Structures are given as structure tokens and as C-alpha cells.
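Trainee: File follows, input-v1.csv with CSV, C-alpha atoms:
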chain,number,residue,atom,x,y,z
A,6,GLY,CA,0.0,0.0,0.0
A,7,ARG,CA,1.2,3.4,1.0
A,8,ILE,CA,3.1,4.9,3.9
A,9,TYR,CA,1.2,7.8,5.5
A,10,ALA,CA,3.3,10.4,7.3
A,11,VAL,CA,0.9,12.3,9.7
A,12,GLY,CA,1.7,15.5,11.5
A,13,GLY,CA,4.9,16.2,13.3
A,14,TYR,CA,6.9,19.4,13.9
A,15,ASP,CA,8.7,21.4,11.2
A,22,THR,CA,5.3,24.8,13.8
A,23,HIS,CA,3.2,21.7,14.5
A,24,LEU,CA,1.7,20.3,11.3
A,25,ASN,CA,-1.8,19.3,10.4
A,26,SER,CA,-0.4,18.1,7.0
A,27,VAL,CA,-0.3,14.4,5.9
A,28,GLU,CA,1.6,12.9,3.0
A,29,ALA,CA,1.7,9.5,1.4
A,30,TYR,CA,4.6,7.5,0.0
A,31,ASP,CA,4.2,5.2,-3.0
A,32,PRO,CA,7.0,2.6,-3.2
A,33,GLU,CA,6.3,1.7,-6.8
A,34,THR,CA,7.1,5.3,-7.9
A,35,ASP,CA,9.3,6.4,-5.0
A,36,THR,CA,7.2,9.5,-4.6
A,37,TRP,CA,5.5,11.4,-1.7
A,38,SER,CA,2.1,12.9,-2.4
A,39,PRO,CA,-0.1,15.2,-0.4
A,40,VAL,CA,-3.3,14.0,1.1
A,41,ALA,CA,-6.1,15.8,3.0
A,42,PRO,CA,-4.9,17.6,6.1
A,43,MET,CA,-6.1,16.8,9.6
A,44,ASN,CA,-8.6,19.0,11.5
A,45,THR,CA,-5.9,19.5,14.2
A,46,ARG,CA,-2.2,20.2,14.1
A,47,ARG,CA,-0.4,17.3,15.9
A,48,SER,CA,3.2,16.4,16.8
A,49,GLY,CA,4.3,13.6,19.0
A,50,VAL,CA,1.2,12.0,17.6
A,51,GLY,CA,0.5,8.3,17.6
A,52,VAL,CA,-1.0,6.6,14.5
A,53,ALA,CA,-2.6,3.2,14.0
A,54,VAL,CA,-4.6,1.4,11.4
A,55,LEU,CA,-7.9,-0.3,12.2
A,56,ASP,CA,-10.6,-1.5,9.8
A,57,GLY,CA,-9.2,0.4,6.8
A,58,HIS,CA,-8.9,3.8,8.6
A,59,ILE,CA,-5.9,5.6,10.0
A,60,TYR,CA,-6.4,7.0,13.5
A,61,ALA,CA,-4.4,10.0,14.6
A,62,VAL,CA,-4.2,9.9,18.4
A,63,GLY,CA,-3.1,12.8,20.6
A,64,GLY,CA,-0.3,15.2,19.8
A,65,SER,CA,-2.2,18.2,21.1
A,66,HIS,CA,-0.7,21.4,19.6
A,76,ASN,CA,-6.8,15.0,23.7
A,77,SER,CA,-8.7,14.9,20.4
A,78,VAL,CA,-8.6,11.9,18.1
A,79,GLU,CA,-9.4,11.8,14.4
A,80,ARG,CA,-9.9,9.1,11.7
A,81,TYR,CA,-8.9,9.2,8.0
A,82,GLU,CA,-11.0,7.5,5.4
A,83,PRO,CA,-8.9,6.9,2.3
A,84,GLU,CA,-11.8,6.3,-0.1
A,85,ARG,CA,-13.2,9.8,0.6
A,86,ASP,CA,-9.8,11.4,1.6
A,87,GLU,CA,-11.2,13.1,4.7
A,88,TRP,CA,-10.6,13.2,8.4
A,89,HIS,CA,-13.5,12.7,10.8
A,90,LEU,CA,-13.4,13.4,14.5
A,91,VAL,CA,-13.9,10.6,17.1
A,92,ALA,CA,-14.3,10.4,20.8
A,93,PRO,CA,-11.5,12.2,22.7
A,94,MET,CA,-9.1,10.3,25.0
A,95,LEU,CA,-9.6,10.4,28.8
A,96,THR,CA,-6.1,11.9,29.2
A,97,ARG,CA,-4.2,14.3,27.1
A,98,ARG,CA,-1.1,12.7,25.6
A,99,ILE,CA,1.9,14.0,23.6
A,100,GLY,CA,4.7,11.5,22.7
A,101,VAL,CA,2.1,8.7,22.9
A,102,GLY,CA,2.6,5.2,21.5
A,103,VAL,CA,-0.4,3.7,19.7
A,104,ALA,CA,-1.0,0.1,18.6
A,105,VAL,CA,-3.9,-2.0,17.5
A,106,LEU,CA,-4.7,-5.3,19.3
A,107,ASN,CA,-7.8,-7.4,19.0
A,108,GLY,CA,-9.9,-4.7,17.4
A,109,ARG,CA,-9.0,-1.9,19.8
A,110,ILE,CA,-6.6,1.0,19.7
A,111,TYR,CA,-4.3,1.3,22.7
A,112,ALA,CA,-2.9,4.7,23.6
A,113,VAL,CA,0.2,4.1,25.8
A,114,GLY,CA,1.9,6.6,28.0
A,115,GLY,CA,2.9,10.0,26.7
A,116,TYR,CA,3.2,13.4,28.4
A,117,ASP,CA,0.3,15.4,29.8
A,118,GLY,CA,1.1,19.1,29.5
A,124,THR,CA,3.8,14.8,33.8
A,125,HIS,CA,5.1,11.7,32.1
A,126,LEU,CA,2.4,9.0,32.0
A,127,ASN,CA,2.3,5.4,32.9
A,128,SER,CA,-1.4,5.2,32.1
A,129,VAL,CA,-2.9,3.3,29.1
A,130,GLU,CA,-6.4,3.5,27.6
A,131,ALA,CA,-8.1,1.6,24.8
A,132,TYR,CA,-10.5,2.7,22.1
A,133,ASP,CA,-13.4,0.6,20.9
A,134,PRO,CA,-14.7,1.8,17.5
A,135,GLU,CA,-17.9,-0.2,17.9
A,136,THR,CA,-19.0,2.0,20.9
A,137,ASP,CA,-16.8,5.1,20.2
A,138,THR,CA,-15.5,5.1,23.8
A,139,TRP,CA,-12.1,5.1,25.5
A,140,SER,CA,-11.6,2.8,28.5
A,141,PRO,CA,-8.8,2.7,31.1
A,142,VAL,CA,-6.4,-0.3,30.9
A,143,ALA,CA,-3.8,-1.5,33.4
A,144,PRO,CA,-0.9,1.1,33.7
A,145,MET,CA,2.7,0.4,32.8
A,146,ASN,CA,5.3,-0.2,35.5
A,147,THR,CA,7.2,2.9,34.4
A,148,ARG,CA,6.1,6.3,33.1
A,149,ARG,CA,7.1,6.7,29.5
A,150,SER,CA,6.8,9.5,26.9
A,151,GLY,CA,8.5,9.4,23.5
A,152,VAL,CA,7.7,5.7,23.9
A,153,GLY,CA,7.6,3.3,20.9
A,154,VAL,CA,4.8,0.7,20.8
A,155,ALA,CA,4.3,-2.4,18.7
A,156,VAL,CA,2.2,-5.5,18.7
A,157,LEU,CA,3.9,-9.0,18.4
A,158,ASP,CA,2.3,-12.4,19.1
A,159,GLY,CA,-0.8,-10.9,20.8
A,160,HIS,CA,1.1,-8.6,23.2
A,161,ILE,CA,1.8,-4.9,23.1
A,162,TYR,CA,5.4,-3.9,23.7
A,163,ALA,CA,6.3,-0.5,25.2
A,164,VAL,CA,9.9,0.3,24.3
A,165,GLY,CA,11.9,3.1,25.9
A,166,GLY,CA,10.5,6.5,26.9
A,167,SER,CA,10.9,9.1,29.7
A,177,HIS,CA,14.8,4.5,29.7
A,178,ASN,CA,16.4,1.3,28.2
A,179,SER,CA,13.5,-0.7,30.0
A,180,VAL,CA,10.8,-2.6,28.1
A,181,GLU,CA,7.4,-4.0,29.0
A,182,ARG,CA,4.8,-6.3,27.5
A,183,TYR,CA,1.0,-6.0,27.9
A,184,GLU,CA,-1.3,-9.1,27.8
A,185,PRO,CA,-5.0,-8.3,27.3
A,186,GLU,CA,-6.4,-11.5,28.7
A,187,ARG,CA,-4.8,-10.9,32.1
A,188,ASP,CA,-4.7,-7.0,31.7
A,189,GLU,CA,-1.1,-6.9,33.1
A,190,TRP,CA,2.2,-5.4,32.1
A,191,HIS,CA,5.2,-7.6,32.4
A,192,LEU,CA,8.9,-6.8,32.1
A,193,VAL,CA,11.1,-8.0,29.3
A,194,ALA,CA,14.7,-7.5,28.4
A,195,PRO,CA,16.1,-3.9,28.4
A,196,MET,CA,17.7,-2.6,25.2
A,197,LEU,CA,21.4,-2.0,25.2
A,198,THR,CA,20.9,1.7,24.7
A,199,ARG,CA,18.5,4.1,26.4
A,200,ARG,CA,16.1,5.8,23.8
A,201,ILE,CA,13.5,8.5,24.0
A,202,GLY,CA,11.6,9.2,20.8
A,203,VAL,CA,12.4,5.8,19.4
A,204,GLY,CA,10.5,4.4,16.5
A,205,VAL,CA,9.4,0.7,16.7
A,206,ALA,CA,8.1,-1.8,14.2
A,207,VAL,CA,7.8,-5.5,13.7
A,208,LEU,CA,9.4,-7.5,10.9
A,209,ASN,CA,9.8,-11.3,10.6
A,210,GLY,CA,8.9,-11.9,14.2
A,211,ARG,CA,11.3,-9.3,15.7
A,212,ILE,CA,10.7,-5.8,17.1
A,213,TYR,CA,13.1,-3.2,15.7
A,214,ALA,CA,13.9,-0.2,17.8
A,215,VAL,CA,15.1,2.6,15.6
A,216,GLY,CA,16.9,5.8,16.6
A,217,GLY,CA,15.8,8.0,19.5
A,218,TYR,CA,17.7,10.3,21.8
A,219,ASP,CA,20.0,9.2,24.6
A,226,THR,CA,22.5,12.9,21.5
A,227,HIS,CA,20.4,11.6,18.7
A,228,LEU,CA,21.0,8.0,17.7
A,229,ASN,CA,21.5,6.3,14.3
A,230,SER,CA,21.6,2.9,16.1
A,231,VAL,CA,19.1,0.1,15.7
A,232,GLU,CA,18.5,-3.0,17.7
A,233,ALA,CA,16.2,-6.0,17.3
A,234,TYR,CA,14.2,-7.9,19.9
A,235,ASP,CA,13.6,-11.7,19.6
A,236,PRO,CA,10.7,-12.8,21.8
A,237,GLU,CA,11.6,-16.4,21.7
A,238,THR,CA,14.8,-15.8,23.6
A,239,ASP,CA,13.9,-12.5,25.2
A,240,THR,CA,17.1,-10.9,23.9
A,241,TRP,CA,18.1,-7.7,22.0
A,242,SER,CA,20.7,-7.9,19.1
A,243,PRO,CA,22.5,-5.3,17.1
A,244,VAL,CA,21.2,-4.2,13.6
A,245,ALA,CA,23.1,-2.2,11.1
A,246,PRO,CA,22.9,1.6,11.9
A,247,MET,CA,21.0,4.0,9.8
A,248,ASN,CA,22.9,6.5,7.6
A,249,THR,CA,21.2,9.3,9.5
A,250,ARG,CA,20.7,10.1,13.3
A,251,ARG,CA,17.0,10.3,14.1
A,252,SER,CA,14.7,10.9,17.0
A,253,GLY,CA,11.0,11.6,16.8
A,254,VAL,CA,11.2,9.1,14.0
A,255,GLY,CA,8.3,7.1,12.6
A,256,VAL,CA,8.8,3.5,11.5
A,257,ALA,CA,6.6,1.4,9.2
A,258,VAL,CA,6.9,-2.0,7.5
A,259,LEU,CA,5.8,-2.2,3.9
A,260,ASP,CA,6.7,-5.1,1.4
A,261,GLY,CA,9.1,-6.8,3.9
A,262,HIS,CA,11.1,-3.6,4.4
A,263,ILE,CA,11.3,-1.2,7.4
A,264,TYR,CA,11.1,2.5,6.6
A,265,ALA,CA,12.5,5.1,9.0
A,266,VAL,CA,10.6,8.3,8.3
A,267,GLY,CA,11.5,11.7,9.7
A,268,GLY,CA,13.2,12.2,13.2
A,269,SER,CA,15.6,14.5,11.3
A,279,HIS,CA,16.8,16.9,5.5
A,280,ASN,CA,13.2,15.3,5.4
A,281,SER,CA,15.3,12.1,4.9
A,282,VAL,CA,13.7,8.6,4.7
A,283,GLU,CA,15.6,5.3,4.7
A,284,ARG,CA,14.6,1.8,4.1
A,285,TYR,CA,16.2,-1.3,5.7
A,286,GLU,CA,16.9,-4.5,3.7
A,287,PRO,CA,17.2,-7.4,6.2
A,288,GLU,CA,18.8,-9.8,3.7
A,289,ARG,CA,21.8,-7.4,3.4
A,290,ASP,CA,21.5,-5.7,6.8
A,291,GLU,CA,21.8,-2.3,5.2
A,292,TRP,CA,19.9,1.0,5.2
A,293,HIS,CA,19.5,2.9,1.9
A,294,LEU,CA,18.0,6.3,1.3
A,295,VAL,CA,14.7,6.6,-0.6
A,296,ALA,CA,12.8,9.7,-1.6
A,297,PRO,CA,12.6,12.4,1.1
A,298,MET,CA,9.3,13.7,2.4
A,299,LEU,CA,7.9,17.0,1.1
A,300,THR,CA,8.1,18.5,4.7
A,301,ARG,CA,10.4,18.1,7.6
A,302,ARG,CA,8.6,16.1,10.4
A,303,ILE,CA,9.9,15.5,13.9
A,304,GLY,CA,7.5,13.6,16.1
A,305,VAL,CA,5.6,12.2,13.0
A,306,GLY,CA,3.2,9.3,13.2
A,307,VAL,CA,3.6,6.8,10.4
A,308,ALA,CA,1.2,4.0,9.3
A,309,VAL,CA,0.7,1.8,6.3
A,310,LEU,CA,-2.6,1.6,4.5
Rewrite the coordinates I just gave you, this time as C-alpha cells.
Mentor:
Amino acid sequence: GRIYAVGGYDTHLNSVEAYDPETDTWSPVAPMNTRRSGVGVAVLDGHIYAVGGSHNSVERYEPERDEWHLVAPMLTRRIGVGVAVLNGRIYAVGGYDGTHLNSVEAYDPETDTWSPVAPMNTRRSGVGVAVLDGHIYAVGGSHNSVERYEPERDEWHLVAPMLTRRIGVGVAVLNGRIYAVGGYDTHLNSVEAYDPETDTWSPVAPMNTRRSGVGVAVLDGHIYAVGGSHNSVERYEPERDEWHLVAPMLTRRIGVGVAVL
């Protein structure tokens, strides 16, 4: 499909652009009702949700009509929030309330309501979140520590820390592993991968560019590192363990949310 880059800071942006890998081109799409940076983005039922980022409203993009619609606001304001989709709900994890948050809340589109979920062990903003094997992982934040949420028990459990502390880290899942990309410690070009079978982190080739506030998405078996600091965008090829530059975005975006639709 396409990689959508939502919001971020340049001012805080309400603009959205979409990347076509077949043409290696970024194209404008309809802008959001609200300017957002440190925004979380996730895909549920063919819509992109833009969660938080202030600048506690939530909005939903319908690609067929190219428009953003408002939906129920979150119970807590959150900037630097991590967002993931698990079992038909959108989870908003941590962030900063203009206090760093350990709270978590879940959105049900069937009822258009947000509900509190068990809080994390650790307060985290600029946190990366990703879903692997039925669990939500919360990576880094304001930390090298990592935790895993299980919905059936509604509990956060600890897992192995990363080798490097990262705030503003981008996270995505490829071939059974969680990749943690960039962040701030100085801004990092380093990347590490988490294997849930062994509960261990391993080195990955570093990016060409240092990035924090970076968005990460997986399209066609490749990881894209979008923004985070120009307008550079790189793609990872796992078979060669190398990062290569692709077309840059039309706009600089730090604290961008990225999703594939």
C-alpha cells in the first residue's frame, strides 16, 4: 500500500503525505482538522487514526473519501504517545500530559469510547509501541527498560532492556522481531532487534542518519525510517543488513506518526 506520514513538527503540522514505493514519490493527502506532533497513528478496519499530539482529540482518516473525521477524545491528554492496535481496539500508551504518563487507555470503535487499561510499570513518553504475538510492547521512553502487555490478564510484564536508552524511538515488527530505531540518549543512528523467543536484543546495522522523533513502518518486507531528522527517509533491507535512502518527504517532520494503508 502506501506509507502515510501524519503531522509532526517542522510549527506543529496538520499536513499528511503518502509514499508510493512503486514510484518512490511522496504525495499530499487531505490535512487533519488538528495540528499534531508527538502524535500516535494506527490502522484499524481500513482507517488511519491520529491519536493525541495536542498542539486529547482523536481523528480518523477514510482513504476512499480522503477526509478526516473526529472521534471520541481520550480520557487523558497525551503527547509522545505510543499507539498500537490489538484485537480490534486502539491502545494509547503513555505520553506526556502538558507529567510523564504510565497510564494506558483503549478505544473501541464499535462503541466510540475510550476505557482505562492497566498502567505500565514505568512512566514513558516518546515511547515506541508495537504488537507482536498478541502482546503490546512499550519500548523506551521518559529508559532502556521494556514492558509487554497481555490483554487476557490485563497486566504489564517486564522483558529485556535494550542495550541503549532511547527517548523518541520508532518501533516496528518485521519477521517476528521488534526493531527499535533511533531516538535520543545525543540523537542515535543505532538500531536493535528484539527476539521474543529468547527475550534478547541484538544489534542491527545503523542508519545513515541520526533520528529521534522518528516514525517506522513496514511495507513489502522492508522497514522504513521516516523523519526524526533533510526530510530524509531510509529503508532497511534485512537480507543485506543495510539502510538505503529513498525519496525524502515534502516536509520536515519530527515527532511524526507513520502508518501503512
Trainee: Pick out the residues sitting within 12 Å of segment 285-296 of chain A, and hand them over as JSON, numbers by chain; count only C-alpha atoms, and ignore anything fewer than 2 positions along from it in its own chain.
Mentor: {"A": [29, 30, 31, 32, 33, 34, 35, 36, 37, 38, 206, 208, 209, 211, 213, 215, 229, 230, 231, 232, 233, 243, 244, 245, 246, 247, 248, 249, 256, 257, 258, 259, 260, 261, 262, 263, 264, 265, 266, 267, 279, 280, 281, 282, 283, 298, 299, 300]}
Trainee: Which is closer to residue 161 of chain A than all the others in A:39, A:202, A:236, A:253, using only C-alpha atoms?
Mentor: A:236
Trainee: Which is closer to residue 46 of chain A than all the others in A:152, A:92, A:112, A:78, using all atoms listed in the file?
Mentor: A:78
Trainee: For residue 194 of chain A, work out the shell of residues within 12 Å, counting all atoms listed in the file and skipping chain neighbours fewer than 5 positions away, then give it as a list in words.
Mentor: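 The contact residues come out as residues 162, 163, 164, 165, 178, 179, 180, 181, 182, 233, 234, 235, 236, 237, 238, 239, 240, 241 and 242 of chain A.
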Trainee: Hey, can you spit out that residue selection with C-alpha atoms as a PDB file, keeping the file's coordinate frame?
Mentor:
ATOM      1  CA  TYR A 162       5.400  -3.900  23.700  1.00  0.00           C
ATOM      2  CA  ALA A 163       6.300  -0.500  25.200  1.00  0.00           C
ATOM      3  CA  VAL A 164       9.900   0.300  24.300  1.00  0.00           C
ATOM      4  CA  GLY A 165      11.900   3.100  25.900  1.00  0.00           C
ATOM      5  CA  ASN A 178      16.400   1.300  28.200  1.00  0.00           C
ATOM      6  CA  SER A 179      13.500  -0.700  30.000  1.00  0.00           C
ATOM      7  CA  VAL A 180      10.800  -2.600  28.100  1.00  0.00           C
ATOM      8  CA  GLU A 181       7.400  -4.000  29.000  1.00  0.00           C
ATOM      9  CA  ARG A 182       4.800  -6.300  27.500  1.00  0.00           C
ATOM     10  CA  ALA A 233      16.200  -6.000  17.300  1.00  0.00           C
ATOM     11  CA  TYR A 234      14.200  -7.900  19.900  1.00  0.00           C
ATOM     12  CA  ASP A 235      13.600 -11.700  19.600  1.00  0.00           C
ATOM     13  CA  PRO A 236      10.700 -12.800  21.800  1.00  0.00           C
ATOM     14  CA  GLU A 237      11.600 -16.400  21.700  1.00  0.00           C
ATOM     15  CA  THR A 238      14.800 -15.800  23.600  1.00  0.00           C
ATOM     16  CA  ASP A 239      13.900 -12.500  25.200  1.00  0.00           C
ATOM     17  CA  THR A 240      17.100 -10.900  23.900  1.00  0.00           C
ATOM     18  CA  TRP A 241      18.100  -7.700  22.000  1.00  0.00           C
ATOM     19  CA  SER A 242      20.700  -7.900  19.100  1.00  0.00           C
TER      20      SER A 242
END
Trainee: Per residue of segment 41-110 of chain A within 9 Å of segment 10-24 of chain A, note the shortest atom pair and the distance in Å to one decimal, counting only C-alpha atoms, and order the rows by chain and increasing residue number, as JSON lines.
Mentor:
{"residue": "A:42", "atom": "CA", "partner": "A:11", "partner_atom": "CA", "distance": 8.6}
{"residue": "A:43", "atom": "CA", "partner": "A:12", "partner_atom": "CA", "distance": 8.1}
{"residue": "A:45", "atom": "CA", "partner": "A:24", "partner_atom": "CA", "distance": 8.2}
{"residue": "A:46", "atom": "CA", "partner": "A:24", "partner_atom": "CA", "distance": 4.8}
{"residue": "A:47", "atom": "CA", "partner": "A:12", "partner_atom": "CA", "distance": 5.2}
{"residue": "A:48", "atom": "CA", "partner": "A:13", "partner_atom": "CA", "distance": 3.9}
{"residue": "A:49", "atom": "CA", "partner": "A:13", "partner_atom": "CA", "distance": 6.3}
{"residue": "A:50", "atom": "CA", "partner": "A:12", "partner_atom": "CA", "distance": 7.1}
{"residue": "A:51", "atom": "CA", "partner": "A:11", "partner_atom": "CA", "distance": 8.9}
{"residue": "A:52", "atom": "CA", "partner": "A:11", "partner_atom": "CA", "distance": 7.7}
{"residue": "A:61", "atom": "CA", "partner": "A:11", "partner_atom": "CA", "distance": 7.6}
{"residue": "A:64", "atom": "CA", "partner": "A:13", "partner_atom": "CA", "distance": 8.4}
{"residue": "A:66", "atom": "CA", "partner": "A:23", "partner_atom": "CA", "distance": 6.4}
Trainee: Would you mind exporting C-alpha atoms of the selected residues as a JSON list (two decimals), in the frame of the given file?
Mentor:
[["chain", "number", "residue", "atom", "x", "y", "z"],
["A", 42, "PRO", "CA", -4.90, 17.60, 6.10],
["A", 43, "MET", "CA", -6.10, 16.80, 9.60],
["A", 45, "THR", "CA", -5.90, 19.50, 14.20],
["A", 46, "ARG", "CA", -2.20, 20.20, 14.10],
["A", 47, "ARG", "CA", -0.40, 17.30, 15.90],
["A", 48, "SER", "CA", 3.20, 16.40, 16.80],
["A", 49, "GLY", "CA", 4.30, 13.60, 19.00],
["A", 50, "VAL", "CA", 1.20, 12.00, 17.60],
["A", 51, "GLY", "CA", 0.50, 8.30, 17.60],
["A", 52, "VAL", "CA", -1.00, 6.60, 14.50],
["A", 61, "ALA", "CA", -4.40, 10.00, 14.60],
["A", 64, "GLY", "CA", -0.30, 15.20, 19.80],
["A", 66, "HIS", "CA", -0.70, 21.40, 19.60]]
Trainee: Could you tell me how far atom CA of residue 109 of chain A sits from atom CA of residue 83 of chain A, in Å to one decimal place?
Mentor: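 Atom-to-atom, atom CA of residue 83 of chain A and atom CA of residue 109 of chain A are spaced 19.6 Å apart.
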Trainee: Using only C-alpha atoms, find the one residue out of A:125, A:200, A:98, A:89 that sits nearest to residue 58 of chain A.
Mentor: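 Once distances to residue 58 of chain A are computed over only C-alpha atoms, the minimum belongs to A:89.
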Trainee: Quick check, in Å to one decimal: how far apart do atom CA of residue 192 of chain A and atom CA of residue 145 of chain A lie?
Mentor: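 Distance reported for this atom pair: 9.5 Å.
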Trainee: At what distance in Å, to one decimal, does atom CA of residue 65 of chain A lie from atom CA of residue 26 of chain A?
Mentor: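 Between these atoms lies a distance of 14.2 Å.
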Trainee: Which residue gives the smallest distance to residue 144 of chain A among A:158, A:219, A:188, A:79, with all atoms listed in the file counted?
Mentor: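 Nearest candidate to residue 144 of chain A out of A:158, A:219, A:188, A:79: A:188.
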Trainee: Counting only C-alpha atoms, which residue out of A:27, A:305, A:157, A:214 sits closest to residue 101 of chain A?
Mentor: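 Once distances to residue 101 of chain A are computed over only C-alpha atoms, the minimum belongs to A:305.
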Trainee: Closest to residue 148 of chain A among A:80, A:177, A:160, A:284, using only C-alpha atoms?
Mentor: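 Smallest separation from residue 148 of chain A among the options: A:177.
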Trainee: Generate the missing atoms of segment 77-91 of chain A up to N, CA, C and O atoms and report them as a compact mmCIF listing (two decimals), in the coordinates of the input.
Mentor:
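The result, stored in result.txt:
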# COMPACT_ATOMS: atom_id res chain seq x y z
N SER A 77 -7.91 15.28 21.58
CA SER A 77 -8.70 14.90 20.40
C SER A 77 -8.08 13.71 19.70
O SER A 77 -6.86 13.43 19.79
N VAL A 78 -8.94 13.00 18.97
CA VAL A 78 -8.60 11.90 18.10
C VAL A 78 -9.36 12.08 16.80
O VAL A 78 -10.48 12.61 16.80
N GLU A 79 -8.73 11.75 15.67
CA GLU A 79 -9.40 11.80 14.40
C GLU A 79 -9.05 10.57 13.55
O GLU A 79 -8.10 9.82 13.86
N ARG A 80 -9.87 10.35 12.53
CA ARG A 80 -9.90 9.10 11.70
C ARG A 80 -9.93 9.50 10.26
O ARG A 80 -10.80 10.27 9.85
N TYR A 81 -9.01 8.93 9.47
CA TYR A 81 -8.90 9.20 8.00
C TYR A 81 -9.53 8.11 7.25
O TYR A 81 -9.24 6.94 7.50
N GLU A 82 -10.45 8.45 6.32
CA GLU A 82 -11.00 7.50 5.40
C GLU A 82 -10.40 7.62 4.07
O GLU A 82 -10.56 8.68 3.46
N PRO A 83 -9.61 6.67 3.58
CA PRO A 83 -8.90 6.90 2.30
C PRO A 83 -9.77 6.99 1.11
O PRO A 83 -9.46 7.75 0.18
N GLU A 84 -10.89 6.26 1.08
CA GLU A 84 -11.80 6.30 -0.10
C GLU A 84 -12.29 7.72 -0.32
O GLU A 84 -12.36 8.19 -1.46
N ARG A 85 -12.64 8.41 0.77
CA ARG A 85 -13.20 9.80 0.60
C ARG A 85 -12.12 10.84 0.84
O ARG A 85 -12.43 12.02 0.63
N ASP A 86 -10.90 10.48 1.29
CA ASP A 86 -9.80 11.40 1.60
C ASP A 86 -10.27 12.54 2.53
O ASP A 86 -10.23 13.73 2.20
N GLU A 87 -10.72 12.13 3.72
CA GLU A 87 -11.20 13.10 4.70
C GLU A 87 -10.91 12.58 6.10
O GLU A 87 -10.84 11.37 6.34
N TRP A 88 -10.80 13.53 7.02
CA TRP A 88 -10.60 13.20 8.40
C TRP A 88 -11.88 13.55 9.18
O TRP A 88 -12.48 14.61 9.00
N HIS A 89 -12.28 12.63 10.03
CA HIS A 89 -13.50 12.70 10.80
C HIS A 89 -13.10 12.72 12.30
O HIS A 89 -12.28 11.92 12.74
N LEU A 90 -13.77 13.52 13.11
CA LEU A 90 -13.40 13.40 14.50
C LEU A 90 -14.00 12.18 15.19
O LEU A 90 -15.08 11.71 14.80
N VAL A 91 -13.33 11.67 16.23
CA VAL A 91 -13.90 10.60 17.10
C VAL A 91 -13.77 10.98 18.53
O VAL A 91 -13.26 12.06 18.87
